[PDB]
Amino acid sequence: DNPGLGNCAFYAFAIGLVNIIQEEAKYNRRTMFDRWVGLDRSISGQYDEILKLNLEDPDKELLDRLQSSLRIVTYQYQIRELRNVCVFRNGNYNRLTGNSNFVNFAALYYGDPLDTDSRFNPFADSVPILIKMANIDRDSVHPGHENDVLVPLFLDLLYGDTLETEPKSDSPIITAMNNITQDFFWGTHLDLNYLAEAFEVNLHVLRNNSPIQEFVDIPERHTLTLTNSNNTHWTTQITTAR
């Protein structure tokens, strides 16, 4: 093989989970796999295949299946988090403004190619959203007041709560978010954070831009250790006990 071809976030995290599941098996445990089944019942028949996976040469077909499950899981968690932050507004609108999906949506306003790459931002190239953005009078917008337009537009496009805990099914927001489940979408650390919480792992993403890389761990949780170069070249650390 050649690592120059790239390796996306979901693949790297999947490999980390398979390592955990295979190690747990040696201790007569399927705790992590059972957690996976709790998050996505559809993977339950894959247990024996996962135990047979050779992580030095992983079967791409099974790895594709596993990372598809992870995309569905992170999508559902990101939907639920956006609804919770849109339903329970606290007299302050700004946990919406710090939500990773709102930030991704707001990047379409500025149009920076770095933050509107379709591999990493599911809102990128959304025709309905590009149309709404284009009909904003950017000269009416005082610098630093963008969210006074972006937050109402986002809520209107979502139909979040002051409506119902239900955002519209054909909502452009929800439809853009469905891109998370597609193969052209590589994912970032943002998508993996929801997965780390869903699977209850400590997630260490090493970046080699500081001589000291600091993480805070819950000792009860397995730790999943990845490296990330420019969101396009992920690696997975895997370990076996002797």
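Residue numbers run from 1 along the displayed sequence.
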Task: Count class of coordinate-free deposited residues lying between the neighbours residue 162 and residue 163 - done: 4 to 9
Open item on the list: Per the record, averaged over C-alpha atoms, which has the higher B-factor: 176 to 184 or 194 to 202?
Closed with: 176 to 184
TODO: Read off the CA B-factors in the entry, average them over 13 to 21 and over 216 to 224, and name the higher stretch.
DONE: 216 to 224
TODO: Name the residue from 116, 101, 94, 76 with the greatest C-alpha temperature factor listed in the entry.
DONE: 94
Task: Top residue by Cα temperature factor, when 82, 127, 157, 108 are compared in the entry - done: 157
TODO: Consider only the C-alpha atoms of the modelled residues in this chain, order them by B-factor as the entry records it, and name the third containing residue 241: lowest, middle or highest.
DONE: middle
TODO: Sorting the chain's modelled residues by C-alpha B-factor, tell me whether residue 209 ends up in the lowest, middle or highest third.
DONE: highest
- [ ] Within this chain's modelled residues, let me know which third the CA B factor of residue 2 belongs to: lowest, middle or highest.
- [x] highest
Open item on the list: Test of reading the entry: by CA B factor among the chain's modelled residues, which third contains residue 34?
Closed with: lowest
